[PDB]
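These protein sequence lines are chains V and G, in that order. Numbering-wise, this note's numbering puts 395 at position 395 of the first sequence, and it's gapless, one number per residue. To get this note's numbering, take the position in the second sequence, counting from 1, and add 446. Even for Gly, the Cβ is constructed at its ideal location relative to N, Cα and C.
2 protein chains.
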Amino acid sequence: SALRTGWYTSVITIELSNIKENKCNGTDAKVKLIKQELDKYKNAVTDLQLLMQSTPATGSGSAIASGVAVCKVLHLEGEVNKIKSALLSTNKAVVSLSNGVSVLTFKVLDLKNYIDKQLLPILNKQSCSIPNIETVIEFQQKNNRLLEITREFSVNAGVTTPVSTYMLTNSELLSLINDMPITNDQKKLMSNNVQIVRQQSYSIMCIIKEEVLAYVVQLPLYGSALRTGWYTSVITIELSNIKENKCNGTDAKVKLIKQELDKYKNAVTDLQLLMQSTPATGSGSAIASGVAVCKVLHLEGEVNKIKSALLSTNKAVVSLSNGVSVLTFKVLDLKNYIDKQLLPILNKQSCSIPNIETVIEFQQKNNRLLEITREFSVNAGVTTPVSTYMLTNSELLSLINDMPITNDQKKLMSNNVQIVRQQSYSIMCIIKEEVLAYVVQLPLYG
Amino acid sequence: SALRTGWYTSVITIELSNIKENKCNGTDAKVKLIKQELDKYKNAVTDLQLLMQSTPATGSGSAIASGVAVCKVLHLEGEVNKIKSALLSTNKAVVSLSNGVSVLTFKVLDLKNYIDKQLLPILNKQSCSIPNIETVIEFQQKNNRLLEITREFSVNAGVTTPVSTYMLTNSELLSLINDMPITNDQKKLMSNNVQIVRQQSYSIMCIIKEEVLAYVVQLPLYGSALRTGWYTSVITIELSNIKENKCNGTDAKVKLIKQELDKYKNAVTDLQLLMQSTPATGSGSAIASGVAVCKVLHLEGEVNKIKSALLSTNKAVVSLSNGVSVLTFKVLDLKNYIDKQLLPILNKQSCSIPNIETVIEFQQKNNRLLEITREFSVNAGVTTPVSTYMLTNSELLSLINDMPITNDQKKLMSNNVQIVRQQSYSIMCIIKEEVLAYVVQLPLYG
């Protein structure tokens, strides 16, 4: 979860038999149990077709946006026939779509061949030839996977997670993992944590067309509801612009303050250097929403707009020149502390000796800045899970109670703060005009 | 077996009697047992004729492609008569086909002469003259070989292996061996292992035409199912291009690394020299598929294509400029180990003393390359069976699940890994742009 960098999607197909109503005289129980099982198969196909007419829409911020994008490509002309041909003699193939993208495809259940080549010919040797009870067991167990897959998709609007063994067996999941574009150690990692892999993966019903039932399974690439979007907030630390004041520092109490002041200046310059070296992200990056907001903060006067709004409060709604309103926070005011509370005590010429409790207080205030700087530095400006240094428990609960969600979702997030932090990102944005700003990107499940 | 270099084919003929329905009054049992035996003979001929109308097609990669090629030559004008004339007064003759190829032919059963000249004249001394019970046994045993040959071909689609004693007796097989174009010691080799020779040979029903039943037996030339084709994969080792760095090496730990580095460089140059000396193979060579793929790897930018595909993953499918998609493996990354893990520790000017565990680790990583190089060197760049150094157990299982074969064949190969290795070849291909590539060629039984 914390090291996932992308999504991997595969096409999972079930071969269907094109058989209409076969109403021949069925008297005994074995012929009826077969017919009642064929109705289950047919009702399962029509249930999924009916389910795919009410399919909810998905946005760019959805966790399954990539898997949904793959499903729509399967609706291009001849894609189903292309996959059908590639799986005629194999259970697994790589198919180059007309999108130009190569996708891994699976044939997990050949009900087309069982019904047409094995079940019906036995039944069609008489007036519904009385089959062996063993055959009734055999057809019943084969159809079970389709019925359970249909049941899962029906009670979950065609999107399920975790991915059950009916959607993808352990053998099929392992074969998929071994065919992923990851290193050998990553394939060992996922193969030893298939249960976690299932919990972090989605299975999306896609299409039924030309005797092919297909759903896409979406897996994580490493480097309880559906996340339907992202929520971005601006978190600000008020900075004090001060150049080094080398006065007469004799005792250790003055020296400690100057060491802490040097810690403060180093963190700002380290964060400045860090941002001048960040690589770029793609539209498919999980932090595209936050990165887009960061760049908006670089527009004219946006930092000043946020600074004025946070002058007399710790949290405000600011309407950006983007036209979007964003919630902004002020979590730490080092501008006010250093300039109005610390420097006046020390400075006036040569450094006045500070109180020992004063050295303590400055250390505690500056620590959160240093810890934030350290977390950003070792992760190239993007951290997850969002640490309590990035956003304290009090601040995070305050942010939740301002999100555009129903009251039930607010209590849902408030009781699962640890989970919320693990689905969220903190993205360093900018240092400009005595303001340190980073964007925290939280999940939306509605 | 790991020594077969070609195939030897021979034409085996059974002389057939052209007799239609002979419905004369048969009252007693001895006349009825003769007539019931003549029906078995006639049903056997029509069974084989019907069998040869459903004969499956064969490709150039088939293990019986050469034998199948010989059968079709027997369909040329006058070939059967040429073979019939050559076997009028002897059981074995060399015949120069209109193909220009000499083939060894056998007459193993003269049912034409027995029925026409000995059985029928006895029966045609009356209204189906009552024959002696001895004659009933004699005809019954003579017809038995034809019936058993017919049974084997019928339940095996006209191709059987191992070659039974009915297809070719021990006396006939030994005669064939001494007429092969091999050495006296090779003849002694096969004559002491006729059971193995039978297990590695094929019998192929060819034709029934002009009173001649002909099948071709295909034997190996030394230097479970039928192999219908070949599957080729590309196995890569990532090389580090480094010229000798003779720095101050005093202790034995530095000296050991430099010996191992010299082992590394010698292996590359030995393999380079080995490829510049390989002889050519023919279209009838068992490794023609692999060789053709090797040459495709010499097309512009193919090695770069595979190198990029294997930058962040150990296995990938690559579409060549040939238009054919091939599965590529990265089994050893010495480029990353030497350049990023070993040289940084040692180098910086004069060789830094390495940890003794470091010297251990380099030796184990380089050992596989040296063993692969050694195996290629002593076999002129083609090895079989494919040793575990060419392809480990993990890697071979990984490959099998990617082959274009049904799930049943994947389990069949996975449970018979040793057998798969013995039917496979490893062919050194190329060293180019820091990449060592050899093609591995596996059987296809479908």
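Interface partners of residue i on chain V, CB under 8 Å
i	result
residue 853 (chain G)	91
residue 763 (chain G)	94 and 102
residue 767 (chain G)	Those within 8 Å of residue 767 (chain G) in chain V number zero; the least Cβ separation is about 15 Å.
Residue-chain proximity (residue i, chain G), Cβ-Cβ < 8 Å
i	result
residue 122 (chain V)	no
residue 179 (chain V)	yes
residue 175 (chain V)	yes
residue 269 (chain V)	no
Short CB-CB distance (under 8 Å) between residue i and chain V
i	result
residue 848 (chain G)	yes
residue 860 (chain G)	no
residue 729 (chain G)	no
residue 844 (chain G)	yes
Contact set for residue i: own chain, Cβ-Cβ below 7 Å, skip 5 residues either direction
i	result
residue 404 (chain G)	Given that chain G is displayed from residue 447 to residue 892, the structure contains no residue 404 (chain G) and the question cannot be resolved.
residue 75 (chain V)	207
residue 616 (chain G)	640
residue 788 (chain G)	808
residue 172 (chain V)	106 and 108
residue 840 (chain G)	none
residue 751 (chain G)	764
residue 833 (chain G)	821
residue 164 (chain V)	152
Chain-order list of residues whose beta-carbon lies under 8 Å from that of residue i (same chain, five-residue window excluded)
i	result
residue 142 (chain V)	109, 111 and 114
residue 852 (chain G)	892
residue 410 (chain V)	400, 401 and 403
residue 59 (chain V)	65, 228 and 229
residue 211 (chain V)	15, 16, 17, 18, 84 and 112
Supposed close pair residue i, residue j - CB separation, criterion 8 Å
i	j	result
residue 740 (chain G)	residue 876 (chain G)	7 Å
residue 880 (chain G)	residue 687 (chain G)	5 Å
residue 268 (chain V)	residue 310 (chain V)	Not a contact, Cβ separation roughly 18 Å.
residue 830 (chain G)	residue 448 (chain G)	5 Å
residue 660 (chain G)	residue 457 (chain G)	6 Å
residue 52 (chain V)	residue 167 (chain V)	With 8 Å as the limit, residue 52 (chain V) and residue 167 (chain V) do not qualify as a contact, their Cβ atoms being about 16 Å apart.
Amino acids of chain V, ordered along the chain, whose beta-carbon sits closer than 7 Å to that of residue i
i	result
residue 464 (chain G)	Simply none; closest approach about 41 Å.
Start and end residues, alpha helix (DSSP H) containing residue i
i	result
residue 267 (chain V)	252-275
residue 596 (chain G)	579-600
residue 818 (chain G)	802-823
residue 294 (chain V)	288-297
residue 517 (chain G)	511-520
residue 37 (chain V)	29-51
residue 344 (chain V)	343-346
residue 785 (chain G)	Note, residue 785 (chain G): premise wrong, no alpha helix (DSSP H); not H, not E.
residue 79 (chain V)	79-86
residue 645 (chain G)	640-645
residue 121 (chain V)	120-123
residue 218 (chain V)	Not the alpha helix (DSSP H): residue 218 (chain V) falls in the beta strand (DSSP E), residues 212-222.
Residue range of the unbroken beta strand (DSSP E) whose run includes residue i
i	result
residue 779 (chain G)	771-779
residue 450 (chain G)	450-461
residue 419 (chain V)	Run containing residue 419 (chain V): none in the beta strand (DSSP E); it sits in the alpha helix (DSSP H), 417-422.
residue 871 (chain G)	871-877
residue 651 (chain G)	648-655
beta-carbon residue i near the ligand HEM non-hydrogen atom, thresh 7 Å
i	result
residue 505 (chain G)	Questions concerning the ligand HEM fall outside what the structure shown contains, since it holds no ligand whatsoever.
Proximal chain G residues relative to residue i, where beta-carbon distance stays under 7 Å
i	result
residue 184 (chain V)	760
Other residues of its chain near residue i: CB distance less than 6 Å, five sequence neighbours each side excluded
i	result
residue 35 (chain V)	26
residue 221 (chain V)	5, 6 and 8
residue 718 (chain G)	877
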